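What follows is a set of notes on a single structure, which appears directly below.
Values in this text are rule-based calculations from the coordinates and carry no lab data. We place every Cβ from the backbone using ideal geometry, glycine too, and count neighbours over all the protein chains shown.
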Amino acid sequence: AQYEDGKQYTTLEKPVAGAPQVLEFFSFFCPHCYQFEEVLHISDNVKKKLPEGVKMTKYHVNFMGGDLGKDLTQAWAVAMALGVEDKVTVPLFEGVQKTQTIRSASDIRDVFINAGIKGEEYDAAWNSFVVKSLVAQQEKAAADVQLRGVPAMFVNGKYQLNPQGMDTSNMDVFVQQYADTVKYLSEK
């Protein structure tokens, strides 16, 4: 067939019940994740091709960058709780990987302030139990699929994208193949 288990995707031997329809994992420390988000715009191109009624979820992971890595998982929870993902994703990626000006929790906070989130609003969220449960959700989702590397994308807790089985000579074409594959897996 054109889409083959083991080639564009793999099937989890241990399916995860009640998993989000499309679930992407990343880390702000992850160089390929920077490419995915900043250069390739994977999340955005998948979304444009997803059928109606399927929502997209994106979670941060703890297993890169040590203490700051965990701070970033908590900051991403804040991002989700306030609904400001599209305001802080670029400066967080550039702050960690490009300018390397993010070295502490306070530096992370500065990014949100610069993005227009009020200090008190950030701080209240950071310390909130709603954010603690968001952090838990992120950890649980990664745990459910034995996650050990990023970037990663899962469809219906049953299938895992396998971008290594794709030509990368043209970045445009890789992205649309990636996106067309998620749609195919979505319709399975």
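Here are the numbers:
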read-out: Per-region count, the range 29-75, residues closer than 22 Å to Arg148 by Cβ, free of Cβ contacts under 8 Å to residues at least 24 places away in the same chain and among the small types (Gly, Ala, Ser); value: 2
read-out: Among (1) surrounded by fewer than 17 Cβ atoms within 10 Å (Cβ to Cβ); (2) touching a residue at least 24 places away in the same chain (Cβ under 8 Å); (3) of a type outside the set (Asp, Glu); (4) in contact with a helix residue (DSSP H, G or I) (Cβ under 9 Å, 6 or more places away or on another chain) - the single one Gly165 does not satisfy; value: (4)
read-out: Criterion violated by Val131 - all others in (1) part of a loop (DSSP other than H, G, I, E, B); (2) more than 23 Å from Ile42 (Cβ to Cβ) satisfied; value: (1)
read-out: Residues located in the range 6-46, provided they are of a type outside the set (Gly, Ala, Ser), assigned to a loop (DSSP other than H, G, I, E, B) and surrounded by fewer than 19 Cβ atoms within 10 Å (Cβ to Cβ); value: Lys7, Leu12, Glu13, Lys14, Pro15, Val16, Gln21, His41
read-out: Cross-chain or 6+ apart pairs with Cβ under 7 Å, the range 131-150 first and touching a residue at least 24 places away in the same chain (Cβ under 8 Å), then of a type in the set (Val, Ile, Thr) and surrounded by 12 or more Cβ atoms within 10 Å (Cβ to Cβ); value: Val131/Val78; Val135/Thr73; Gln138/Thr73; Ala142/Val61; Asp144/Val16; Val145/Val16; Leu147/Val61; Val150/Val61
